[PDB]
$ cat input07.cif   # mmCIF, C-alpha atoms
data_entry
loop_
_atom_site.label_atom_id
_atom_site.label_comp_id
_atom_site.auth_asym_id
_atom_site.auth_seq_id
_atom_site.Cartn_x
_atom_site.Cartn_y
_atom_site.Cartn_z
CA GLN L 1 -41.46 -23.64 -16.27
CA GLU L 2 -38.74 -21.03 -16.68
CA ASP L 3 -37.38 -19.91 -20.03
CA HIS L 4 -34.61 -17.46 -20.93
CA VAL L 5 -33.42 -16.39 -24.36
CA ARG L 6 -30.56 -13.93 -24.80
CA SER L 7 -29.49 -12.91 -28.29
CA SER L 8 -26.68 -10.47 -28.99
CA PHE L 9 -25.72 -9.32 -32.46
CA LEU L 10 -22.84 -7.00 -33.22
CA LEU L 11 -21.92 -5.78 -36.68
CA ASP L 12 -18.97 -3.57 -37.54
CA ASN L 13 -18.01 -2.19 -40.93
CA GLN L 14 -15.30 0.12 -42.25
CA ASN L 15 -14.69 1.30 -45.80
CA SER L 16 -11.67 3.43 -46.65
CA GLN L 17 -10.83 4.92 -50.03
CA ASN L 18 -7.91 7.08 -51.16
CA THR L 19 -7.44 8.51 -54.65
CA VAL L 20 -4.40 10.55 -55.71
CA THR L 21 -3.93 11.85 -59.25
CA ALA L 22 -0.88 14.01 -59.97
CA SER L 23 -0.20 15.44 -63.43
CA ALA L 24 2.62 17.67 -64.69
CA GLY L 25 3.13 18.79 -68.27
CA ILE L 26 5.98 20.95 -69.58
CA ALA L 27 4.89 22.03 -73.06
CA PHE L 28 7.44 24.18 -74.90
CA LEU L 29 6.82 25.77 -78.30
CA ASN L 30 6.72 22.54 -80.31
CA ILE L 31 10.28 21.64 -79.24
CA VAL L 32 9.79 19.70 -76.00
CA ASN L 33 6.57 18.15 -74.66
CA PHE L 34 7.10 16.23 -71.41
CA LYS L 35 3.89 15.07 -69.73
CA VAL L 36 3.73 12.84 -66.65
CA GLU L 37 0.64 11.64 -64.81
CA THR L 38 0.54 9.22 -61.89
CA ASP L 39 -2.53 7.69 -60.26
CA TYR L 40 -3.11 5.85 -56.99
CA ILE L 41 -6.28 4.22 -55.66
CA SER L 42 -6.79 2.32 -52.41
CA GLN L 43 -10.10 0.78 -51.32
CA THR L 44 -10.38 -1.29 -48.17
CA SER L 45 -13.42 -2.90 -46.57
CA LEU L 46 -13.59 -4.68 -43.24
CA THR L 47 -16.82 -6.13 -41.85
CA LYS L 48 -16.90 -8.07 -38.59
CA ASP L 49 -20.04 -9.76 -37.34
CA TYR L 50 -20.74 -11.51 -34.06
CA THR C 1 4.59 9.40 -69.38
CA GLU C 2 4.77 11.23 -72.71
CA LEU C 3 7.82 12.95 -74.20
CA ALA C 4 8.00 14.71 -77.57
CA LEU C 5 11.37 16.16 -78.57
CA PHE C 6 11.83 18.43 -81.60
CA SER C 7 8.24 17.60 -82.64
CA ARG C 8 9.63 14.39 -84.15
CA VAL C 9 10.86 12.03 -81.41
CA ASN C 10 7.80 10.76 -79.54
CA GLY C 11 7.73 8.48 -76.53
CA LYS C 12 5.02 7.01 -74.30
CA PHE C 13 5.29 4.84 -71.20
CA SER C 14 2.14 3.69 -69.41
CA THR C 15 2.16 1.18 -66.56
CA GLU C 16 -0.57 0.05 -64.19
CA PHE C 17 -0.47 -2.16 -61.10
CA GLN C 18 -3.71 -3.48 -59.62
CA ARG C 19 -3.93 -5.66 -56.52
CA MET C 20 -7.17 -6.99 -55.06
CA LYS C 21 -7.25 -9.04 -51.87
CA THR C 22 -10.10 -10.78 -50.09
CA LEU C 23 -10.38 -12.68 -46.83
CA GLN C 24 -13.40 -14.26 -45.18
CA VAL C 25 -13.65 -16.10 -41.88
CA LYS C 26 -16.88 -17.68 -40.70
CA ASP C 27 -17.09 -19.57 -37.41
CA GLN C 28 -20.08 -21.28 -35.83
CA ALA C 29 -20.23 -23.09 -32.51
CA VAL C 30 -23.54 -24.68 -31.51
CA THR C 31 -23.86 -26.44 -28.17
CA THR C 32 -27.05 -28.14 -27.03
CA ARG C 33 -27.59 -29.97 -23.75
CA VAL C 34 -30.82 -31.69 -22.73
CA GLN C 35 -31.29 -33.33 -19.36
CA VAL C 36 -34.43 -35.18 -18.27
CA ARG C 37 -34.86 -36.83 -14.89
CA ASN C 38 -38.09 -38.53 -13.83
CA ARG C 39 -38.55 -39.88 -10.31
CA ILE C 40 -41.80 -41.82 -10.12
CA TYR C 41 -41.94 -43.95 -6.98
CA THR C 42 -40.00 -44.35 -3.78
CA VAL C 43 -40.10 -48.03 -2.85
CA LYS C 44 -39.32 -48.91 0.75
CA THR C 45 -39.24 -52.17 2.66
CA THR C 46 -41.97 -52.66 5.22
CA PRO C 47 -40.39 -52.57 8.70
CA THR C 48 -42.04 -55.91 9.50
CA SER C 49 -40.12 -57.68 6.75
CA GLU C 50 -38.39 -61.03 7.20
#

$ encode --input "input07.cif" --output "structure tokens"
Amino acid sequence: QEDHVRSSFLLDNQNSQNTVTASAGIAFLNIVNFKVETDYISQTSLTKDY
Amino acid sequence: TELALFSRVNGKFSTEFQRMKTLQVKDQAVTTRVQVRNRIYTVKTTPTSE
């Protein structure tokens, strides 16, 4: 009797995440108040098995 | 965005965009082959046959 077993397992995984937050506020002496804030998020995941 | 002019004219403007995406691929391929071969007897004619 001869017997062979070959098992290969490969797992790959990537997670990326970006976060930008930009604020700008021009605050005069109770005459003009101009405030601007922008946000940006980006999450990616990628898992590959075999 | 916020904007206050003359401490009387107020304005706000808040937007938000959110996109989520998901993909999944799952493949399986199973192949089984069984092969049995029994050889029991070898039957021959006697050379003195008629």

$ resolve_selection --input "input07.cif" --expression "the PyMOL selection byres ((chain C) within 7 of (chain L))" --output "compact mmCIF listing (two decimals) with C-alpha atoms, in the frame of the given file"
# COMPACT_ATOMS: atom_id res chain seq x y z
CA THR C 1 4.59 9.40 -69.38
CA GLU C 2 4.77 11.23 -72.71
CA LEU C 3 7.82 12.95 -74.20
CA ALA C 4 8.00 14.71 -77.57
CA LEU C 5 11.37 16.16 -78.57
CA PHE C 6 11.83 18.43 -81.60
CA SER C 7 8.24 17.60 -82.64

$ axis_aligned_box --input "input07.cif" --around "region 23-31 of chain C" --padding-each-side "4 Å" --output "JSON"
{"center_x": -17.1, "center_y": -19.6, "center_z": -37.5, "size_x": 21.5, "size_y": 21.8, "size_z": 26.7}

$ atom_distance --input "input07.cif" --atom1 "CA of residue 10 (chain L)" --atom2 "CA of residue 29 (chain C)"
16.3 Å

$ atom_distance --input "input07.cif" --atom1 "CA of residue 24 (chain C)" --atom2 "CA of residue 9 (chain L)"
18.4 Å

$ atom_distance --input "input07.cif" --atom1 "CA of residue 41 (chain C)" --atom2 "CA of residue 2 (chain L)"
25.1 Å
